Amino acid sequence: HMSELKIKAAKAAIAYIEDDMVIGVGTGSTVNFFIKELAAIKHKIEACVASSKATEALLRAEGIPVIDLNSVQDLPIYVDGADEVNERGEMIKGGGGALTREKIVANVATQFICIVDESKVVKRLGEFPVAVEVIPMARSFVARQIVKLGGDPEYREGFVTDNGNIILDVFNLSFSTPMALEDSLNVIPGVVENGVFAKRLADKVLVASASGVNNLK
C-alpha cells in the first residue's frame, strides 16, 4: 500500500519540525500527506513557504499560514519528495512540473529532507526523465540543443508551469557526471531550470518500507 508508505515517510519528517520554525514545503503526493500531518501541529510552526501554487492552496485550505520566500531570511527546513533518489541524496525531480520553485526553495533552506516510499530509491539515476522548464518560444531550439547532449526531449503537451513556461521531459541522458549535466542544461538559452538535483543534495533521505522508515542518508 504505497499510500501507507508515503504516510509513514511524512510522519517521520514531522519529527524534525521544531517550534516556531518557518517550514518550506515541496510538491507531490508524498508531500501532500505531510501537509495533513503539518496541519495537526500548525499551532507549533510560524509559517510555510510553498514550492507551488498547488501546495499553497493545500496549505491555505488547512489554515496553515503561508509567507513569501522573499520575506524569509532563515528557512531551516525544506521537506519534499523526489521521482528518483540515491544514497548520495542526488535526485531527479520535476515529475509534477514544479521543479523550478522546488529548487529555489531547496537552495534557501538549510536542511533539505527528502521523503519517499521505497520505490523512489535507485542505485543509479536516469530511468525517470528529467523535466526541463523552457521559455515557450524557445521550445524547438532547446529541444535541438538537448538532442546534442544525447537526450531525447518530449514536450509535455498541454502543461504550463506555475511560471508560465512549458516542460520538455528528457529521456536517456547520461548521469555519469550529474553536476556537469545539470549545468549543461541550465546554460542553454531558454532553459529556466531542470530536474537534476545534483548541486543541491537532500540532506536527509527518509525511506518508508513495510518494515518502517529508514534514513538512507
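In this text, residue numbers run from 1 along the sequence as written.
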Do the C-alpha atoms of 173 to 181 or of 188 to 196 have the higher average B factor in the entry?
173 to 181
Mean CA B-factor: is it higher for 20 to 28 or for 205 to 213?
205 to 213
Looking only at 162, 154, 56, 62, the Cα with the top B-factor belongs to 154
Based on what the PDB entry reports, which of 124, 93, 144, 101 has the top C-alpha B-factor?
124
Modelled-residue ranking by C-alpha temperature factor, third containing residue 8:
middle
Residue 66 - which third its CA temperature factor falls in, relative to the rest of the chain
middle
Of the three thirds of the chain ranked by Cα temperature factor, residue 41 occupies the highest
Classify residue 72 as lowest, middle or highest third according to the C-alpha B-factor given in the PDB entry, relative to its own chain.
highest
